[PDB]
Amino acid sequence: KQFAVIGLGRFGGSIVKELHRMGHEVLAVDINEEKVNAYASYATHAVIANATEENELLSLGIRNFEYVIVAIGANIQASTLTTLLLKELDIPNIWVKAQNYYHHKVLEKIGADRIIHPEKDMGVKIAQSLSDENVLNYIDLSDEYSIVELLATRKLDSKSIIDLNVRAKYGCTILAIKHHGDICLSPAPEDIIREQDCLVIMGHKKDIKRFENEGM
Amino acid sequence: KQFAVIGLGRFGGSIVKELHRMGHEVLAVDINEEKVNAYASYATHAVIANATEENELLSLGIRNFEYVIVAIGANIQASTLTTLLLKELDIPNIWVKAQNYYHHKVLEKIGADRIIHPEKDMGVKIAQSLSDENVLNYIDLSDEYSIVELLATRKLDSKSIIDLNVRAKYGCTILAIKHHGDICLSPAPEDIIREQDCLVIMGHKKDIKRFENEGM
Amino acid sequence: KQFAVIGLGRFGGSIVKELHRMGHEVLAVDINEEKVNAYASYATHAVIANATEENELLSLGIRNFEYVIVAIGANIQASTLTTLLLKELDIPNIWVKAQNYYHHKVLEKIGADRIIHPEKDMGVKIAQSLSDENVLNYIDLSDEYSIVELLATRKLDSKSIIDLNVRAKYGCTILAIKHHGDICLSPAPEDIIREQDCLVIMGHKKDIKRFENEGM
Amino acid sequence: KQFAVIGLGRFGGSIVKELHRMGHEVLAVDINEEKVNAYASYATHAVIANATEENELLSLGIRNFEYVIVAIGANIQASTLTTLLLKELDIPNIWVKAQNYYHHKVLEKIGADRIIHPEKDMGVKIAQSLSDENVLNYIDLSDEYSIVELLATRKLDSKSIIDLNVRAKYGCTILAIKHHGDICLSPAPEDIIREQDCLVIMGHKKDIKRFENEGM
Amino acid sequence: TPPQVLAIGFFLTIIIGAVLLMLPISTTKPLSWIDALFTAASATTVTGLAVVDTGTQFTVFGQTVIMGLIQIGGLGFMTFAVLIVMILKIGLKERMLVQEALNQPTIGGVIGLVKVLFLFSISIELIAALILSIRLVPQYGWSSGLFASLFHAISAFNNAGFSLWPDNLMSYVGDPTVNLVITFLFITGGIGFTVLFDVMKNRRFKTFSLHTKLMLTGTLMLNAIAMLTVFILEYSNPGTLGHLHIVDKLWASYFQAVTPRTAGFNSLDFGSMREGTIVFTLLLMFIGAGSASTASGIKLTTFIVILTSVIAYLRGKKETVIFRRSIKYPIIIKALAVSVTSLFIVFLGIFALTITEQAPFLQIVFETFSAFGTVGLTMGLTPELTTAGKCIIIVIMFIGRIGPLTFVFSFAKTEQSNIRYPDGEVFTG
Amino acid sequence: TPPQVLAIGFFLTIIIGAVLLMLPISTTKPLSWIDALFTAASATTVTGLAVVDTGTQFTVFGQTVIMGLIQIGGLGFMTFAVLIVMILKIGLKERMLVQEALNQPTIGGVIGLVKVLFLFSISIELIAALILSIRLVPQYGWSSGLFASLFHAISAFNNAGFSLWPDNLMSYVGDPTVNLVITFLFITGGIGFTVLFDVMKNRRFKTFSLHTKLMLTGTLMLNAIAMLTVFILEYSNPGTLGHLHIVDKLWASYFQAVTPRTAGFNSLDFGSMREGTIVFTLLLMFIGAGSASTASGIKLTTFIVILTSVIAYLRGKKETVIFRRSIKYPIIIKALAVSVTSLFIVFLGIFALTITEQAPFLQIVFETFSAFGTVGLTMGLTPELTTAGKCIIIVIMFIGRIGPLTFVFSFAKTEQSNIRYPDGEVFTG
Ligand SMILES: Nc1ncnc2c1ncn2[C@@H]1O[C@H](COP(=O)(O)OP(=O)(O)OP(=O)(O)O)[C@@H](O)[C@H]1O
Ligand SMILES: Nc1ncnc2c1ncn2[C@@H]1O[C@H](COP(=O)(O)OP(=O)(O)OP(=O)(O)O)[C@@H](O)[C@H]1O
Ligand SMILES: Nc1ncnc2c1ncn2[C@@H]1O[C@H](COP(=O)(O)OP(=O)(O)OP(=O)(O)O)[C@@H](O)[C@H]1O
Ligand SMILES: Nc1ncnc2c1ncn2[C@@H]1O[C@H](COP(=O)(O)OP(=O)(O)OP(=O)(O)O)[C@@H](O)[C@H]1O
Ligand SMILES: [K+]
Ligand SMILES: [K+]
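Residue numbers (PDB author numbering), protein chains in the order written: chain E, 7 to 222; chain C, 7 to 222; chain G, 7 to 222; chain A, 7 to 222; chain J, 15 to 102, 105 to 445; chain I, 15 to 102, 105 to 445.
And the structure:
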């Protein structure tokens with residue numbers, strides 16, 4: 007129930023700002039004074055501390071915390087030492103930001119509980135939307151199956167959900183339609199799809215792109 | 007005996023830390039505040055001071071100390087000036103860390119009582135163990151004669167002390183055997199030597215390596 | 007009318023210093039402490055503040071100012087952010103210093119009310135005086151028509167205002183004569199013009215330079 | 007009556023230290039805190055001040071000083087500004103240290119009362135002693151005439167002054183002899199000159215070197 | 015300058031006030047030179063001490079002059095100046113004075129604080145005073161009831177101390193309405209206008225400023241100490257609180273714990289208290305309540321800061337920190353300046369008065385502290401003061417209200433030496 | 015343990031001292047439990063207050079025990095500990113305690129200070145006391161003369177306050193020998209051993225340390241103020257100084273200006289002084305004399321620092337500076353800690369005693385201040401104290417002498433939090 011965010015980056019600072027908005031107990035830690043001062047208002051607490059020094063980490067009473075997040079992603083030395091301290095101090099959940107494949111490897115071996123590549127992950131997702139101008143957003147259920155949010159082209163304007171079937175033709179299923187902000191969850195055929203309306207499809211990754219090609 | 011360690015390096019800091027664990031009187035000096043704060047707990051006493059300034063050295067009451075150790079090995083200027091001050095202030099024993107042959111020379115000429123090259127010395131010892139995978143540890147009695155600790159190969163497993171003699175064959179003498187942690191000092195022939203048991207031999211440096219070749 | 011000068015440059019500092027000498031209400035803002043301290047005496051008021059932080063700008067009560075001048079011309083990032091804040095906070099008149107054409111463009115798009123290039127402007131004016139050693143000072147009425155102050159050569163010494171008519175001959179009109187400090191505004195023909203007197207002519211830019219060539 | 011040394015260099019610091027040993031009133035000024043603290047004991051007064059800022063110079067009550075010495079020789083900007091201030095503030099005697107020919111020129115034009123090149127001057131004097139191994143020390147009376155202190159070679163051991171006349175023979179005059187520390191001012195012929203005795207000759211620069219060649 | 019303007023303007027409304035009160039229409043029995051100035055001063059400096067009884071000596075007119083001066087001093091000379099102009105704008109020069117007057121570090125929308133504080137004042141003054149203090153006070157009629165119910169509010173909220181009638185409210189030791197309605201008024205008036213605006217706006221236990229947080233928890237726990245103190249000490253003592261029902265023993269122990277900073281109302285007599293309680297009440301009224309504010313000498317926060325600073329030093333953490341938001345140095349040294357000045361002045365008042373007057377010591381001491389603290393409480397020298405002693409209490413009341421600092425800053429030559437000096441070793445132990 | 019060792023060792027020589035004094039050989043008339051501990055404490059804490067008269071109650075033996083404890087406390091528990099060992105070496109661990117005991121920032125040749133201070137002590141104690149106080153005190157014979165002349169020196173130099181005979185020296189109001197020889201002793205004992213060693217070594221008006229410079233000019237001008245104060249105030253008053261020749265009016269005005277810090281000798285009775293003078297004497301004995309030293313509660317320098325600091329702030333120069341050698345921050349905050357602690361303790365003693373005793377207020381106040389200041393002067397509650405009141409004066413004498421700080425540091429949990437916290441805005445005005 008208690009959270010500690012060490013490293014008030016753009017990533018770290020967003021976690022401490024969000025968790026606090028959700029109304030949790032969050033300790034904001036950073037070696038830079040100016041960063042601490044800034045997040046003072048957006049955290050249950052703010053403290054200037056060098057997370058690589060043990061006595062400084064004990065002074066925070068770090069052992070109190072259920073979840074500690076190390077969002078230091080530029081300094082590998084700072085990150086690895088901190089996480090090692092946290093593991094040595096028996097913190098239950100240690101979530102760390104990694105810089106690259108190698109930093110991930112060091113963290114893995116010193117027992118970080120969950121490792122995140124916020125930039126690389128958001129990279130591939132944005133790249134997908136660049137390459138395929140139709141995909142607005144998506145979530146992968148596995149390597150093969152995925153739920154995709156698609157911007158409807160004029161190729162679908164005033165088309166019927168029963169008429170242009172996805173279930174029989176492509177083996178995919180339409181989950182939602184968003185026309186002018188209004189949302190039709192679990193839509194019943196037939197329904198009108200206008201141009202620029204958010205279409206949420208679900209199925210095999212290859213199957214969807216086949217629908218994208220031939221349907222749109 | 008009162009001790010003063012000027013320069014809380016990895017070397018200096020280890021002397022202070024050890025002498026204090028032994029329970030002596032040790033004054034820990036360093037120009038870096040953070041270093042002093044760190045060794046506060048591991049010294050009879052810690053003080054922020056610039057050892058090159060005379061008045062600052064007198065403020066410590068340096069003339070009180072029987073032994074002063076200058077473990078500044080990176081800064082030649084800091085080291086030489088400090089040691090010169092210490093000699094001028096009539097300190098009985100001045101032990102200094104040197105960087106290289108030339109730094110040793112300057113220290114020699116300004117009257118350092120004992121000069122140590124902790125890195126170079128440990129360098130050659132580790133190199134010996136690298137080259138000869140059999141030698142675990144050793145101590146030189148002179149340039150020619152040495153006591154060597156050897157890891158026993160399968161070439162010695164379940165061999166008897168008298169049976170595989172060195173006192174007659176190689177002109178060396180076995181001093182100890184360590185099997186599974188248990189220690190047999192000045193062992194009486196015959197004794198069983200298992201594989202990976204620490205064998206402590208003593209004699210001429212060339213003689214031992216001849217035993218290493220033919221015996222192991 | 008209340009004034010706020012953010013950025014106590016050579017330019018900014020001159021505005022606060024002048025406006026204050028005129029006896030207006032001027033708030034002098036600068037992130038550099040030493041700058042604030044210096045202009046303390048030459049402003050209604052001096053405050054150390056980072057103009058890019060919103061809360062710091064509100065602390066000044068910036069919304070209380072009719073005119074805010076951003077004389078940060080070296081830092082584009084500081085300038086653009088500040089001006090954006092000022093526009094967002096609904097300041098009526100925002101006058102900014104620009105570094106170059108591109109900085110001007112960013113300021114334009116974020117709604118700076120008037121943009122000034124004090125150096126480039128003074129550059130061209132000084133260049134004119136370099137090229138044409140006769141022109142002491144000038145003011146452009148448009149791209150084509152201009153009022154010019156000219157240093158009289160020996161080519162005009164003891165010449166009569168009317169006798170050497172510019173009105174009929176060149177289509178320009180003489181507005182003033184300054185002989186030994188004494189000023190004759192709207193002079194009546196004939197008047198004596200000595201060497202090194204200040205002659206103030208008015209007309210077409212090309213016309214004046216034709217008079218400069220043939221008259222002087 | 008009163009001395010102010012701005013710039014506690016090796017040069018400046020030596021002036022303050024000497025004048026104070028002589029028991030004068032000396033104000034030691036320096037922008038570097040550590041320098042001021044050091045010369046605290048060796049001055050009538052020590053003050054941290056930036057000599058280029060006017061108000062700071064007035065705070066010292068600089069106008070109270072008969073002689074102000076600017077021993078800033080590395081920073082030309084610091085030196086020139088300071089000296090300009092001092093001249094503007096009507097200090098009677100301004101003695102400045104110069105870096106090079108050009109810095110000397112700037113100081114000359116802004117009215118420094120006496121300019122000194124401590125290094126260049128000591129340079130030429132030491133060079134003379136290097137080139138001519140015989141000359142221990144000297145003082146120039148003019149460009150042509152000089153008093154020179156010479157180390158006597160074996161070429162003069164147990165020689166009589168009147169016997170080896172410098173006057174009749176070379177047009178120079180011997181002023182003093184220093185044998186084993188004992189000094190014979192204005193010596194009467196004949197006197198014994200041993201080897202390595204200090205011989206003080208006086209005359210024309212060319213004449214002395216002729217004696218050096220043929221006599222020694 | 016900003017400090018001088020505060021000072022001269024404040025001093026003037028005392029002179030104005032004194033001449034108005036010495037005026038026939040306001041006095042029943044002819045009034046002295048010194049006493050007209052003293053009573054005026056005590057209303058406008060919101061002290062609460064009076065050489066001459068308020069209910070008897072002053073006409074309904076003079077008692078309205080008293081309310082005005084209480085209103086003026088309680089909210090702040092400048093606050094009205096700003097309102098006058100507002101209603102009649106608003107310059108930076110003016111915003112500068114206001115910031116100084118409301119002891120603010122920033123000039124940030126400080127007129128928004130003046131807007132709030134005044135509207136909130138007359139609001140709670142009216143609704144609580146007129147309405148609630150008429151529920152149980154038209155047994156004086158209408159002409160007496162509605163005027164005494166109003167007067168007591170303006171006096172309460174502003175921490176005046178001025179009660180209309182001879183019993184400075186001893187009469188109502190038990191009456192819950194007068195107890196509550198008057199404490200509600202004088203405690204909330206006390207704590208920062210900062211604290212009021214902050215509580216009104218932010219509205220949540222957590223999102224309060226470090227000031228507001230310190231004030232809300234500080235005023236609560238000190239009150240709870242002082243009540244326990246007043247109870248335990250004055251419980252046995254028959255002179256006050258001995259002869260009261262276990263319930264009324266509270267309403268008195270509560271009120272006397274709460275009134276010293278810096279209200280000045282009597283639920284019991286202060287003359288008849290075990291000297292220990294009085295000693296404790298001295299400290300409790302050196303420390304005012306809040307820095308916004310209605311009044312204080314050195315204000316509650318100042319006390320925390322200096323104390324918590326020394327506590328910190330003794331540990332010793334390198335930086336002084338409360339609530340895990342650390343306290344910058346410029347606060348400590350200002351606190352140390354507020355502290356020393358106030359105490360030194362109080363000491364001079366004590367030293368002066370033991371040479372200005374023949375009287376008991378503790379009574380002089382309590383008197384000086386209550387004068388500087390603009391408290392209003394006495395064991396009763398107040399009527400018995402020498403003409404000279406009245407003068408030096410007037411001074412001590414003037415400095416205490418205006419702030420011991422901004423008084424010095426009125427005649428202080430502002431000297432900015434930019435040069436530094438070498439270190440100097442000096443033993444303090 | 016450097017602070018604890020100072021404390022436990024000091025406390026022990028009081029217990030040792032008490033048991034020695036309760037012992038038959040030292041008492042003429044059987045002595046109480048509480049009184050044996052009180053009188054012992056007052057000699058060893060160099061206070062000067064006695065519940066039981068010294069000349070009457072204590073045998074020649076007991077009076078030597080008194081001298082010993084006065085010698086012990088006056089120079090410092092550790093000073094002798096070091097001398098014992100010296101004569102019997106010398107560890108850093110020891111040099112650490114000595115530095116702490118002589119309130120020194122550096123451990124630099126601090127044994128050289130112990131060497132000097134002791135040798136200088138017994139030197140001036142002997143030559144001035146035995147010799148000079150025997151040339152005009154053999155009018156008591158030899159067995160009485162040579163012992164009372166010696167006792168009064170050890171008491172004088174160490175700022176004890178203990179006079180052998182019933183008149184705490186009123187007898188000699190005019191006698192120049194006793195006036196001079198005893199002031200010479202108790203003022204030079206007062207100012208820093210720092211100041212003595214520095215004056216002895218450096219020998220020039222110019223080359224004195226900031227401390228020494230401040231002490232020499234500080235002690236001079238405060239004495240000159242206090243003498244003028246004692247004169248002007250107690251001039252008319254017939255009770256003391258009224259019936260004295262214009263010359264003896266000085267020898268008394270001088271002595272009473274000089275004795276409050278922290279000697280404790282009576283030239284005039286303090287009970288019969290215009291209350292103003294007493295008030296002034298309170299302040300004058302809160303501020304001790306010197307920090308070396310013989311004794312104080314909060315030492316003269318501390319007062320300068322804090323005062324000059326506030327003065328500086330009010331101008332306000334960014335840094336606090338005296339004699340054009342600026343004062344570092346760590347001095348200010350220690351000064352602010354010495355200051356607050358001492359005053360808070362004195363306040364608790366006053367608050368306690370007005371609950372622990374039935375007596376006049378001013379008399380309790382003067383008593384607490386003099387107990388903490390290890391002064392020794394009373395308007396005379398001392399014999400009249402309750403058994404409980406004696407206890408709490410014993411405590412106040414213990415803390416006051418040991419230093420209010422090093423007392424706290426004995427039971428203080430040393431916590432060094434390396435983490436910092438965000439800024440917190442807090443109004444103090
Ligand atoms: N040893 C340390 N102890 C405490 N805080 C640290 C330490 N090292 C770095 N930090 C802080 O943690 C953060 C480390 O982030 P770093 O910015 O420098 O790159 P980053 O993780 O990629 O940033 P971002 O989250 O914006 O992508 C910074 O806010 C930094 O100030
Ligand atoms: N003038 C000085 N006085 C006191 N301490 C100093 C001074 N100058 C340097 N030091 C300290 O002495 C040490 C300098 O030695 P150097 O650290 O840089 O390392 P080293 O001797 O080469 O090897 P190692 O770090 O392994 O011991 C540092 O710890 C530094 O803080
Ligand atoms: N974020 C900021 N907030 C307030 N002041 C700032 C900020 N950033 C820079 N300044 C100040 O703005 C001032 C204006 O200087 P600016 O360096 O940026 O160069 P400049 O416009 O080329 O100077 P100049 O006007 O002499 O030509 C400086 O004193 C600088 O310290
Ligand atoms: N603005 C300043 N005002 C006063 N003193 C200054 C200022 N700037 C530099 N100084 C000091 O004046 C002194 C001048 O020394 P500078 O190093 O820069 O070279 P230098 O005079 O040639 O040194 P040296 O005398 O040893 O040959 C230094 O102590 C320097 O710190
Ligand atoms: K009041
Ligand atoms: K005493």
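Each residue gets a CB set at the ideal place from its N, CA and C atoms; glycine is no exception.
Inset, instruction - Thinking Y73 (chain E) and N99 (chain E) are a contact (beta carbons under 8 Å), I'd like their distance in whole angstroms, please. - result: Here residue 73 (chain E) refers to the residue found at position 67 of the first sequence. Here residue 99 (chain E) refers to the residue found at position 93 of the first sequence. The pair is a contact, with the Cβ atoms about 4 Å apart (cut-off 8 Å).
Legend entry - Given 8 Å, three or more beta-carbon pairs between the segment 195-209 of chain I and the segment 224-241 of chain I: Here the segment 195-209 of chain I makes contact with the segment 224-241 of chain I; the two share three or more CB pairs at distances below 8 Å.
Inset, instruction - Assign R341 (chain I) to one of three DSSP states: helix, strand, or coil. - result: Here residue 341 (chain I) corresponds to residue number 325 of the sixth sequence, with the count starting at 1. In the structure shown, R341 (chain I) sits in a strand (DSSP, three-state: E or B).
Inset, instruction - Identify whether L147 (chain A) lies in helix, strand or coil by the three-state DSSP scheme. - result: Against the fourth sequence, residue 147 (chain A) aligns to sequence position 141. Three-state DSSP puts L147 (chain A) in coil, outside helix and strand.
Legend entry - Same chain, Cβ closer than 6 Å to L133 (chain J), neighbours up to 5 away in sequence not counted: Translated into positions along the fifth sequence, residue 133 (chain J) becomes position 117. Excluding positions up to five away in sequence, the list reads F209.
Inset, instruction - Indicate whether at least one CB of chain J lies closer than 8 Å to the CB of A46 (chain E). - result: Position 40 of the first sequence, counted from the start, is the residue given in the question as residue 46 (chain E). So yes, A46 (chain E) belongs to the interface.
Legend entry - is_contact[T256 (chain I), chain C] using C-beta, thresh 8 Å: Taking the sixth sequence and counting its residues from 1, the one referred to as residue 256 (chain I) is at position 240. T256 (chain I) does not count as touching chain C.
Legend entry - heavy atom of ligand 6 below 7 Å from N175 (chain I) C-beta: Within the sixth sequence, residue 175 (chain I) is the residue found at index 159, counting from 1. Because some heavy atom of ligand 6 lies under 7 Å away, the Cβ of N175 (chain I) counts as near it: yes.
Inset, instruction - Kindly indicate the opening and closing residues of the beta strand (DSSP E) around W101 (chain A). - result: Residue numbering aside, residue 101 (chain A) sits at position 95 when the fourth sequence is read from its first letter. It spans 99-103 - the beta strand (DSSP E) in which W101 (chain A) sits, taken as one unbroken run.
Legend entry - For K184 (chain E), the three-state DSSP class (helix, strand or coil): Stepping through the first sequence from its first residue, residue 184 (chain E) is reached at position 178. When DSSP states are grouped into helix, strand and coil, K184 (chain E) belongs to the strand group.
Inset, instruction - Could you tell me whether the Cβ of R340 (chain J) comes closer than 8 Å to any Cβ of chain E? - result: For the purposes of this step, residue 340 (chain J) is identified with residue 324 of the fifth sequence, where counting begins at 1. Yes - at least one Cβ of chain E is within 8 Å of the one on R340 (chain J).
Inset, instruction - Along the beta strand (DSSP E) that carries residue 103 (chain J), what are the first and last residues, could you check? - result: Any structural detail on residue 103 (chain J) is unavailable, because chain J resumes at 105 straight after 102.
Inset, instruction - Starting from the beta carbon of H51 (chain E), find every residue of chain J whose beta carbon is closer than 7 Å, and list them in chain order. - result: Sequence index remark: in the first sequence, residue 51 (chain E) carries index 45 (1-based). What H51 (chain E) touches in chain J: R340.
Inset, instruction - Would you mind stating whether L157 (chain G) and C204 (chain G) have Cβ atoms separated by less than 8 Å? - result: The sequence position of residue 157 (chain G) within the third sequence is 151, counting from 1. The sequence position of residue 204 (chain G) within the third sequence is 198, counting from 1. Cβ atoms of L157 (chain G) and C204 (chain G): closer than 8 Å.
Inset, instruction - Have a look at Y48 (chain C) and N38 (chain E) and give me their C-alpha separation to the nearest angstrom. - result: As a first step, residue 48 (chain C) is located in the second sequence; it is residue number 42 there, counting from the start. As a first step, residue 38 (chain E) is located in the first sequence; it is residue number 32 there, counting from the start. Answer to the nearest angstrom: the Cα atoms are 28 Å apart.
Legend entry - Closer than 8 Å to chain G by CB, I347 (chain J): Start at 1 with the first residue of the fifth sequence, and residue 347 (chain J) comes out as number 331. Output row for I347 (chain J): interface = no.
Legend entry - Nearest-angstrom Cα separation, counted from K131 (chain I) out to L212 (chain I): As a working mapping, residue 212 (chain I) is identified with position 196 in the sixth sequence. As a working mapping, residue 131 (chain I) is identified with position 115 in the sixth sequence. Roughly 12 Å separates the two Cα atoms.
Legend entry - Close Cβ partners of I189 (chain G) (< 8 Å) along its chain, the five nearest in sequence each way excluded: Position 183 of the third sequence, counted from the start, is the residue given in the question as residue 189 (chain G). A182, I183.
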